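Printed here is model-v4.pdb (PDB, C-alpha atoms):
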ATOM      1  CA  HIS A 392     -34.300-155.044 114.950  1.00  0.00           C
ATOM      2  CA  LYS A 393     -30.705-155.866 115.854  1.00  0.00           C
ATOM      3  CA  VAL A 394     -29.132-152.642 114.557  1.00  0.00           C
ATOM      4  CA  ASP A 395     -29.994-149.018 114.958  1.00  0.00           C
ATOM      5  CA  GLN A 396     -30.952-147.027 111.888  1.00  0.00           C
ATOM      6  CA  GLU A 397     -28.567-144.217 111.015  1.00  0.00           C
ATOM      7  CA  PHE A 398     -28.910-141.372 108.501  1.00  0.00           C
ATOM      8  CA  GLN A 399     -25.468-140.818 106.975  1.00  0.00           C
ATOM      9  CA  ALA A 400     -25.552-144.400 105.707  1.00  0.00           C
ATOM     10  CA  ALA A 401     -29.260-145.109 105.215  1.00  0.00           C
ATOM     11  CA  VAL A 402     -29.374-143.506 101.757  1.00  0.00           C
ATOM     12  CA  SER A 403     -28.740-145.463  98.592  1.00  0.00           C
ATOM     13  CA  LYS A 404     -25.634-144.702  96.579  1.00  0.00           C
ATOM     14  CA  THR A 405     -27.737-144.300  93.450  1.00  0.00           C
ATOM     15  CA  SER A 406     -29.963-141.833  95.260  1.00  0.00           C
ATOM     16  CA  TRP A 407     -26.846-140.164  96.622  1.00  0.00           C
ATOM     17  CA  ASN A 408     -25.456-139.807  93.101  1.00  0.00           C
ATOM     18  CA  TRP A 409     -28.654-138.208  91.842  1.00  0.00           C
ATOM     19  CA  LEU A 410     -28.871-135.878  94.826  1.00  0.00           C
ATOM     20  CA  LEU A 411     -25.232-134.825  94.498  1.00  0.00           C
ATOM     21  CA  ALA A 412     -25.664-134.188  90.781  1.00  0.00           C
ATOM     22  CA  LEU A 413     -28.698-131.962  91.262  1.00  0.00           C
ATOM     23  CA  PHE A 414     -27.039-130.115  94.124  1.00  0.00           C
ATOM     24  CA  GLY A 415     -23.679-129.687  92.397  1.00  0.00           C
ATOM     25  CA  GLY A 416     -25.093-128.477  89.099  1.00  0.00           C
ATOM     26  CA  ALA A 417     -26.257-125.238  90.705  1.00  0.00           C
ATOM     27  CA  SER A 418     -22.932-124.860  92.523  1.00  0.00           C
ATOM     28  CA  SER A 419     -21.030-125.290  89.261  1.00  0.00           C
ATOM     29  CA  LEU A 420     -23.375-122.824  87.593  1.00  0.00           C
ATOM     30  CA  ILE A 421     -22.875-120.147  90.252  1.00  0.00           C
ATOM     31  CA  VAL A 422     -19.119-120.729  90.083  1.00  0.00           C
ATOM     32  CA  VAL A 423     -19.267-120.182  86.322  1.00  0.00           C
ATOM     33  CA  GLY A 424     -21.341-117.049  86.864  1.00  0.00           C
ATOM     34  CA  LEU A 425     -18.785-115.602  89.263  1.00  0.00           C
ATOM     35  CA  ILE A 426     -16.013-116.556  86.824  1.00  0.00           C
ATOM     36  CA  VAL A 427     -17.809-114.767  83.995  1.00  0.00           C
ATOM     37  CA  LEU A 428     -18.352-111.698  86.164  1.00  0.00           C
ATOM     38  CA  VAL A 429     -14.656-111.582  87.078  1.00  0.00           C
ATOM     39  CA  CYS A 430     -13.620-112.025  83.441  1.00  0.00           C
ATOM     40  CA  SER A 431     -15.983-109.239  82.405  1.00  0.00           C
ATOM     41  CA  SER A 432     -14.549-106.982  85.107  1.00  0.00           C
ATOM     42  CA  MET A 433     -11.011-107.679  83.888  1.00  0.00           C
ATOM     43  CA  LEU A 434     -12.001-106.961  80.281  1.00  0.00           C
ATOM     44  CA  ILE A 435     -13.791-103.722  81.138  1.00  0.00           C
ATOM     45  CA  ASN A 436     -10.847-102.610  83.300  1.00  0.00           C
ATOM     46  CA  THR A 437      -8.384-103.409  80.511  1.00  0.00           C
ATOM     47  CA  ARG A 438     -10.471-101.776  77.772  1.00  0.00           C
ATOM     48  CA  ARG A 439     -11.306 -98.553  79.602  1.00  0.00           C
TER      49      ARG A 439
ATOM     50  CA  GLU B 107     -25.109 -77.481  67.518  1.00  0.00           C
ATOM     51  CA  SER B 108     -28.282 -75.462  67.628  1.00  0.00           C
ATOM     52  CA  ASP B 109     -30.297 -77.716  65.338  1.00  0.00           C
ATOM     53  CA  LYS B 110     -29.453 -81.050  66.929  1.00  0.00           C
ATOM     54  CA  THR B 111     -28.853 -80.373  70.623  1.00  0.00           C
ATOM     55  CA  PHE B 112     -31.716 -80.464  73.059  1.00  0.00           C
ATOM     56  CA  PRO B 113     -31.704 -79.285  76.671  1.00  0.00           C
ATOM     57  CA  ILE B 114     -33.086 -81.342  79.515  1.00  0.00           C
ATOM     58  CA  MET B 115     -35.369 -79.341  81.786  1.00  0.00           C
ATOM     59  CA  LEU B 116     -36.185 -79.685  85.449  1.00  0.00           C
ATOM     60  CA  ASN B 117     -38.801 -77.461  87.070  1.00  0.00           C
ATOM     61  CA  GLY B 118     -38.170 -75.180  84.132  1.00  0.00           C
ATOM     62  CA  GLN B 119     -34.396 -75.252  84.595  1.00  0.00           C
ATOM     63  CA  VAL B 120     -31.904 -76.674  82.127  1.00  0.00           C
ATOM     64  CA  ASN B 121     -29.529 -79.081  83.853  1.00  0.00           C
ATOM     65  CA  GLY B 122     -27.920 -80.710  80.824  1.00  0.00           C
ATOM     66  CA  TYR B 123     -27.995 -81.207  77.093  1.00  0.00           C
ATOM     67  CA  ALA B 124     -28.836 -84.266  75.006  1.00  0.00           C
ATOM     68  CA  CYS B 125     -27.259 -85.091  71.652  1.00  0.00           C
ATOM     69  CA  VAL B 126     -28.342 -87.290  68.743  1.00  0.00           C
ATOM     70  CA  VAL B 127     -25.245 -88.920  67.280  1.00  0.00           C
ATOM     71  CA  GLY B 128     -24.953 -91.670  64.696  1.00  0.00           C
ATOM     72  CA  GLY B 129     -28.711 -92.150  64.582  1.00  0.00           C
ATOM     73  CA  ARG B 130     -29.032 -92.641  68.333  1.00  0.00           C
ATOM     74  CA  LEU B 131     -29.866 -90.283  71.174  1.00  0.00           C
ATOM     75  CA  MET B 132     -27.665 -90.028  74.246  1.00  0.00           C
ATOM     76  CA  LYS B 133     -28.217 -88.397  77.631  1.00  0.00           C
ATOM     77  CA  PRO B 134     -26.104 -88.507  80.797  1.00  0.00           C
ATOM     78  CA  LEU B 135     -27.327 -90.400  83.810  1.00  0.00           C
ATOM     79  CA  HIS B 136     -26.083 -88.175  86.625  1.00  0.00           C
ATOM     80  CA  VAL B 137     -28.410 -85.417  85.406  1.00  0.00           C
ATOM     81  CA  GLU B 138     -32.109 -85.726  86.224  1.00  0.00           C
ATOM     82  CA  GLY B 139     -34.707 -83.890  84.197  1.00  0.00           C
ATOM     83  CA  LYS B 140     -37.215 -83.702  81.365  1.00  0.00           C
ATOM     84  CA  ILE B 141     -36.095 -83.814  77.727  1.00  0.00           C
ATOM     85  CA  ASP B 142     -37.371 -80.840  75.737  1.00  0.00           C
ATOM     86  CA  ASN B 143     -38.480 -82.634  72.568  1.00  0.00           C
ATOM     87  CA  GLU B 144     -41.693 -84.583  73.020  1.00  0.00           C
ATOM     88  CA  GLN B 145     -40.895 -86.980  70.196  1.00  0.00           C
ATOM     89  CA  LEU B 146     -37.787 -88.153  72.011  1.00  0.00           C
ATOM     90  CA  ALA B 147     -39.629 -88.336  75.332  1.00  0.00           C
ATOM     91  CA  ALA B 148     -41.148 -91.656  74.238  1.00  0.00           C
ATOM     92  CA  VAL B 149     -37.799 -93.308  73.486  1.00  0.00           C
ATOM     93  CA  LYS B 150     -36.995 -96.129  75.902  1.00  0.00           C
ATOM     94  CA  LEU B 151     -33.533 -95.259  77.192  1.00  0.00           C
ATOM     95  CA  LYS B 152     -31.283 -98.287  77.593  1.00  0.00           C
ATOM     96  CA  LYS B 153     -28.932 -97.509  80.461  1.00  0.00           C
ATOM     97  CA  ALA B 154     -25.181 -98.218  80.463  1.00  0.00           C
ATOM     98  CA  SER B 155     -23.971 -97.712  84.084  1.00  0.00           C
ATOM     99  CA  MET B 156     -20.237 -97.843  83.166  1.00  0.00           C
ATOM    100  CA  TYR B 157     -20.764 -94.884  80.765  1.00  0.00           C
ATOM    101  CA  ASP B 158     -23.189 -93.076  83.152  1.00  0.00           C
ATOM    102  CA  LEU B 159     -25.289 -92.436  80.002  1.00  0.00           C
ATOM    103  CA  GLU B 160     -28.525 -93.799  78.445  1.00  0.00           C
ATOM    104  CA  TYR B 161     -28.849 -94.414  74.697  1.00  0.00           C
ATOM    105  CA  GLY B 162     -31.883 -94.910  72.494  1.00  0.00           C
ATOM    106  CA  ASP B 163     -32.825 -95.306  68.853  1.00  0.00           C
ATOM    107  CA  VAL B 164     -34.362 -92.148  67.381  1.00  0.00           C
ATOM    108  CA  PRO B 165     -37.443 -92.353  65.121  1.00  0.00           C
ATOM    109  CA  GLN B 166     -37.393 -92.518  61.336  1.00  0.00           C
ATOM    110  CA  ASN B 167     -37.882 -88.812  60.668  1.00  0.00           C
ATOM    111  CA  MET B 168     -34.881 -87.763  62.738  1.00  0.00           C
ATOM    112  CA  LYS B 169     -32.532 -90.669  62.076  1.00  0.00           C
ATOM    113  CA  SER B 170     -31.456 -89.092  58.792  1.00  0.00           C
ATOM    114  CA  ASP B 171     -30.489 -85.785  60.424  1.00  0.00           C
ATOM    115  CA  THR B 172     -27.933 -86.535  63.156  1.00  0.00           C
ATOM    116  CA  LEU B 173     -24.415 -85.621  64.180  1.00  0.00           C
ATOM    117  CA  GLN B 174     -21.595 -87.965  63.243  1.00  0.00           C
ATOM    118  CA  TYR B 175     -19.059 -89.209  65.725  1.00  0.00           C
ATOM    119  CA  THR B 176     -15.399 -89.433  64.825  1.00  0.00           C
ATOM    120  CA  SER B 177     -12.488 -91.536  65.991  1.00  0.00           C
ATOM    121  CA  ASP B 178      -9.462 -89.642  64.729  1.00  0.00           C
ATOM    122  CA  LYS B 179      -8.306 -86.908  67.132  1.00  0.00           C
ATOM    123  CA  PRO B 180      -5.429 -84.790  65.852  1.00  0.00           C
ATOM    124  CA  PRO B 181      -4.117 -83.091  68.997  1.00  0.00           C
ATOM    125  CA  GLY B 182      -4.665 -79.371  69.356  1.00  0.00           C
ATOM    126  CA  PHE B 183      -7.717 -77.133  69.686  1.00  0.00           C
ATOM    127  CA  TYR B 184     -11.349 -78.129  69.297  1.00  0.00           C
ATOM    128  CA  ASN B 185     -14.617 -76.265  68.973  1.00  0.00           C
ATOM    129  CA  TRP B 186     -17.198 -76.019  71.731  1.00  0.00           C
ATOM    130  CA  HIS B 187     -20.296 -74.017  72.604  1.00  0.00           C
ATOM    131  CA  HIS B 188     -18.114 -71.939  74.907  1.00  0.00           C
ATOM    132  CA  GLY B 189     -15.387 -71.497  72.326  1.00  0.00           C
ATOM    133  CA  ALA B 190     -12.243 -73.486  71.597  1.00  0.00           C
ATOM    134  CA  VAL B 191     -11.412 -76.450  73.817  1.00  0.00           C
ATOM    135  CA  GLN B 192      -7.846 -77.686  74.036  1.00  0.00           C
ATOM    136  CA  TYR B 193      -6.618 -81.266  73.607  1.00  0.00           C
ATOM    137  CA  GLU B 194      -3.189 -82.628  74.517  1.00  0.00           C
ATOM    138  CA  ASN B 195      -1.690 -85.707  76.159  1.00  0.00           C
ATOM    139  CA  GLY B 196      -4.968 -87.641  75.871  1.00  0.00           C
ATOM    140  CA  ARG B 197      -6.811 -85.047  78.032  1.00  0.00           C
ATOM    141  CA  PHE B 198      -9.401 -82.274  77.337  1.00  0.00           C
ATOM    142  CA  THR B 199      -9.136 -78.974  79.202  1.00  0.00           C
ATOM    143  CA  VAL B 200     -10.587 -75.486  78.883  1.00  0.00           C
ATOM    144  CA  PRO B 201      -9.469 -72.107  80.186  1.00  0.00           C
ATOM    145  CA  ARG B 202     -10.539 -72.023  83.801  1.00  0.00           C
ATOM    146  CA  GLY B 203     -13.925 -70.604  84.649  1.00  0.00           C
ATOM    147  CA  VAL B 204     -15.384 -71.642  81.295  1.00  0.00           C
ATOM    148  CA  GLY B 205     -18.184 -74.163  81.602  1.00  0.00           C
ATOM    149  CA  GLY B 206     -19.950 -75.342  84.710  1.00  0.00           C
ATOM    150  CA  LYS B 207     -22.919 -77.203  86.088  1.00  0.00           C
ATOM    151  CA  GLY B 208     -25.727 -77.779  83.610  1.00  0.00           C
ATOM    152  CA  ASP B 209     -23.344 -77.925  80.642  1.00  0.00           C
ATOM    153  CA  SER B 210     -23.252 -81.723  80.754  1.00  0.00           C
ATOM    154  CA  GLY B 211     -23.930 -83.518  77.496  1.00  0.00           C
ATOM    155  CA  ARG B 212     -22.802 -80.711  75.249  1.00  0.00           C
ATOM    156  CA  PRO B 213     -20.810 -82.361  72.436  1.00  0.00           C
ATOM    157  CA  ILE B 214     -17.242 -81.566  71.508  1.00  0.00           C
ATOM    158  CA  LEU B 215     -17.001 -80.497  67.871  1.00  0.00           C
ATOM    159  CA  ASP B 216     -14.183 -80.724  65.370  1.00  0.00           C
ATOM    160  CA  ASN B 217     -13.201 -78.696  62.322  1.00  0.00           C
ATOM    161  CA  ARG B 218     -15.533 -80.545  59.942  1.00  0.00           C
ATOM    162  CA  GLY B 219     -18.421 -80.350  62.361  1.00  0.00           C
ATOM    163  CA  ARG B 220     -18.238 -83.898  63.690  1.00  0.00           C
ATOM    164  CA  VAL B 221     -18.373 -85.077  67.268  1.00  0.00           C
ATOM    165  CA  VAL B 222     -15.305 -86.396  69.041  1.00  0.00           C
ATOM    166  CA  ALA B 223     -16.448 -86.451  72.683  1.00  0.00           C
ATOM    167  CA  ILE B 224     -19.276 -85.528  75.035  1.00  0.00           C
ATOM    168  CA  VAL B 225     -18.612 -83.439  78.133  1.00  0.00           C
ATOM    169  CA  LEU B 226     -19.852 -85.014  81.361  1.00  0.00           C
ATOM    170  CA  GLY B 227     -18.101 -83.130  84.147  1.00  0.00           C
ATOM    171  CA  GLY B 228     -15.093 -81.088  85.119  1.00  0.00           C
ATOM    172  CA  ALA B 229     -12.335 -80.657  87.638  1.00  0.00           C
ATOM    173  CA  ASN B 230     -11.204 -77.040  88.190  1.00  0.00           C
ATOM    174  CA  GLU B 231      -7.360 -77.296  88.251  1.00  0.00           C
ATOM    175  CA  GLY B 232      -6.846 -73.544  88.917  1.00  0.00           C
ATOM    176  CA  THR B 233      -4.976 -72.765  85.660  1.00  0.00           C
ATOM    177  CA  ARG B 234      -7.537 -74.696  83.531  1.00  0.00           C
ATOM    178  CA  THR B 235     -10.578 -77.008  83.965  1.00  0.00           C
ATOM    179  CA  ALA B 236      -9.903 -80.737  83.354  1.00  0.00           C
ATOM    180  CA  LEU B 237     -13.043 -82.154  81.649  1.00  0.00           C
ATOM    181  CA  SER B 238     -14.291 -85.701  82.431  1.00  0.00           C
ATOM    182  CA  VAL B 239     -15.543 -86.701  78.939  1.00  0.00           C
ATOM    183  CA  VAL B 240     -16.494 -89.891  77.092  1.00  0.00           C
ATOM    184  CA  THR B 241     -14.486 -90.443  73.916  1.00  0.00           C
ATOM    185  CA  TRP B 242     -14.066 -92.839  71.035  1.00  0.00           C
ATOM    186  CA  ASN B 243     -10.866 -94.627  70.052  1.00  0.00           C
ATOM    187  CA  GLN B 244      -8.973 -95.895  67.035  1.00  0.00           C
ATOM    188  CA  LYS B 245     -10.001 -99.448  67.805  1.00  0.00           C
ATOM    189  CA  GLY B 246     -13.638 -98.347  67.889  1.00  0.00           C
ATOM    190  CA  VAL B 247     -13.489 -98.268  71.670  1.00  0.00           C
ATOM    191  CA  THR B 248     -15.566 -96.049  73.922  1.00  0.00           C
ATOM    192  CA  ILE B 249     -13.561 -94.729  76.879  1.00  0.00           C
ATOM    193  CA  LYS B 250     -14.642 -92.512  79.807  1.00  0.00           C
ATOM    194  CA  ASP B 251     -11.728 -90.032  80.226  1.00  0.00           C
ATOM    195  CA  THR B 252     -12.031 -88.786  83.857  1.00  0.00           C
ATOM    196  CA  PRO B 253      -9.275 -86.661  85.531  1.00  0.00           C
ATOM    197  CA  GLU B 254      -8.655 -86.909  89.320  1.00  0.00           C
ATOM    198  CA  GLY B 255     -11.306 -84.955  91.299  1.00  0.00           C
ATOM    199  CA  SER B 256     -13.833 -85.178  88.417  1.00  0.00           C
ATOM    200  CA  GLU B 257     -17.034 -83.276  89.377  1.00  0.00           C
ATOM    201  CA  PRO B 258     -20.025 -84.473  87.248  1.00  0.00           C
ATOM    202  CA  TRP B 259     -21.597 -81.271  85.973  1.00  0.00           C
TER     203      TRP B 259
END

Rewrite the coordinates I just gave you, this time as structure tokens.
Amino acid sequence: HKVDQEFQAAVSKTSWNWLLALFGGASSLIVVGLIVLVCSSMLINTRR
Amino acid sequence: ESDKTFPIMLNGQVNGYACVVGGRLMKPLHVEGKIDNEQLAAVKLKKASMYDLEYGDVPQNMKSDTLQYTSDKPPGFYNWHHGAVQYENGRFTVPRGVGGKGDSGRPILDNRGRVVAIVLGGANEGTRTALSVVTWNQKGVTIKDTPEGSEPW
């Protein structure tokens, strides 16, 4: 072989897209959960 | 009061009172004990941390015979087990030295014998005793009135 094998580039863009989607879905979900918690805290503070 | 207001025991000591209002039982969470009535001992008490109180649905026999809450609160004087309790400026007080620990959960009564609040604690303010109590509201809103230095009875 005439070139070394790296890692940051030796992963297909399609596979990268799938991996990013399945890793970002949970991140978006937890962000939404924190947003909902904050909104609930604001509502309960306002309506106490 | 006497018919529909049940003490909570602990080691044979009363440490609060439970009230059945609007077809549902309520008990305060800061107090720990055993409910007197056996029939209500089997009710699964859904807990509401913000209201420091658990509520449950009473059985069929007793759901007909309950106290009614009220929303409207004309300012002035209100009935209580320990006499008349005073309401002004969106705050409930009593003459000082009246009420204490173990009186938690005793309802506040009005002229027509309907509930307007439930006593949870007090702050002794020297002249009177500010009472931390949960109340209703015109918009059908439950609010936990708590003065500074509230001591949960």

message = Evaluate the ChimeraX specification (/B :<12) & /A against this structure - the residues, as a ChimeraX atom specification, please.
response = /A:432,435-439

message = Using all atoms listed in the file, can you tell me which of B:132, B:239, B:190, B:120 comes closest to residue 151 (chain B)?
response =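 Using all atoms listed in the file, the shortest distance to residue 151 (chain B) belongs to B:132.
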
query = What gap, in Å, lies between CA of residue 107 (chain B) and CA of residue 230 (chain B)?
reply =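 The value is 24.9 Å.
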
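Selecting by distance to (-28.2, -88.4, 65.8) with a limit of 8 Å and using all atoms listed in the file, one obtains residues 110, 125, 126, 127, 128, 129, 130, 131, 164, 168, 169, 170, 171, 172, 173 and 174 of chain B.
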
task = For the structure shown, which residues end up in the PyMOL selection byres ((chain B and resi 240) around 10)? Put them as a PyMOL selection string, please?
result = chain B and resi 157-159+211+213+222-227+237-239+241-242+248-252

message = Just the number, please: distance in Å from CA of residue 179 (chain B) to CA of residue 218 (chain B), one decimal.
response =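 Here the two named atoms are 12.0 Å from each other.
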
message = Considering all atoms listed in the file, can you say which of B:181, B:208, B:189, B:196 comes closest to residue 139 (chain B)?
response =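 Closest to residue 139 (chain B), using all atoms listed in the file: B:208.
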
query = Distance CA of residue 204 (chain B)-CA of residue 188 (chain B), one decimal place?
reply =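 Going from CA of residue 204 (chain B) over to CA of residue 188 (chain B) covers 7.0 Å.
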
Counting all atoms listed in the file, the option among B:177, B:259, B:216, B:191 closest to residue 245 (chain B) =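 Ranking B:177, B:259, B:216, B:191 by distance to residue 245 (chain B), first place goes to B:177.
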
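Applying the 12 Å criterion to (-33.6, -78.1, 85.8) in file coordinates and using all atoms listed in the file, one obtains the residues residues 113, 114, 115, 116, 117, 118, 119, 120, 121, 122, 123, 137, 138, 139, 140, 141, 142, 207, 208 and 209 of chain B.
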
query = Looking at all atoms listed in the file, which of B:135, B:236, B:215, B:229 is the one that sits closest to residue 198 (chain B)?
reply =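 Ranked by minimum distance to residue 198 (chain B), first place goes to B:236.
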